[PDB]
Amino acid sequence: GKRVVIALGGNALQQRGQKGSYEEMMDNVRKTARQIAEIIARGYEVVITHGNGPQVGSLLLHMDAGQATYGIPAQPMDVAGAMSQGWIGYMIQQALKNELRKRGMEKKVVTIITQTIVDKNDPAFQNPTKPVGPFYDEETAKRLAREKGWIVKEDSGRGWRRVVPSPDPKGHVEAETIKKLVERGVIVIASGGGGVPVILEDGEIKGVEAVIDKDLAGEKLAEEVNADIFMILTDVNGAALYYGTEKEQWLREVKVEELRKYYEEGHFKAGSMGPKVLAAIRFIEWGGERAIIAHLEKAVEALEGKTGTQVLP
């Protein structure tokens, strides 16, 4: 069967308005796992990645409160991303191996903790723009800046929050092992959250506090495993021109040259759809057969080419 990387998004774990309690996440993950299980029953070789923004944000909230109440040290963002990969990957590997056993299918399903390499001279480290963590007042946010070297900015009028770098993913430290597992039929969950951001210097891989886009990092995983198809599943069913306006037009089959023109026109917003269109464009430019942007609830119909945005060479 064809090999597909499926990059899950927020809605695989949390619905609009949910705080992300354990029971909420267990229900959303089981719904996700039935869609993936359908795709595995159809014969596809599946590799899974996902986001972690709300989950790393909850861990940063928790550790700021722990440090204030019990005096125990808060851990840095690379550690919070590794914690998130163990959390989310445990819930997806247990629900997907259980839904495949319910279908009379025995498969091996594992999470591999993944480090994503970026260039230490990436220009994003000179200009951090992604807001993250708790909302602080001005006084606490500027004291944290002085003491820790953080950058802060007032965020949409809700308080002050750290801003961190969003560097471009170059590749994964564990790519060789990830591909070996895929080639032997294991369903691997990797690059969770975009992976832990790391740079290489003086022999050592070292964590850095940043966010890597999970669709851009997912596209690099798709190159690394030699995937045929790269599919992004989100909470809208594709990419639209003139989104939210009276001229709104949902893209269906679109050639990559046309999608690149649409991209420079600005239709795909930078905090959201822009990087998913960029990742689909890059996968086609690398040589992939098809990239897809669709809604999680239409994963299977999308994968067959019937709905969603379908990007071709």
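The first residue of the sequence shown is number 1, and the count goes up from there.
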Average Cα temperature factor in the PDB entry - higher stretch of 134-142, 182-190: 134-142
Of 232-240 and 110-118, the one with larger mean CA B-factor: 232-240
Largest Cα B-factor, entry values, listed residues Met91, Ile72, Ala175, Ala82: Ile72
Which of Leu278, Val47, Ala68, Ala33 ranks first by CA B-factor in the deposited coordinates: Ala68
Lowest, middle or highest third - CA B-factor, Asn52: lowest
Cα B factor band for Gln126 (lowest, middle or highest third within the chain): middle
CA B-factor placement of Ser272, once the chain's modelled residues are sorted into thirds: middle
CA B-factor ranking of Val225, expressed as a third of its chain: highest
Chain thirds of CA B-factor: placement of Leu259: highest
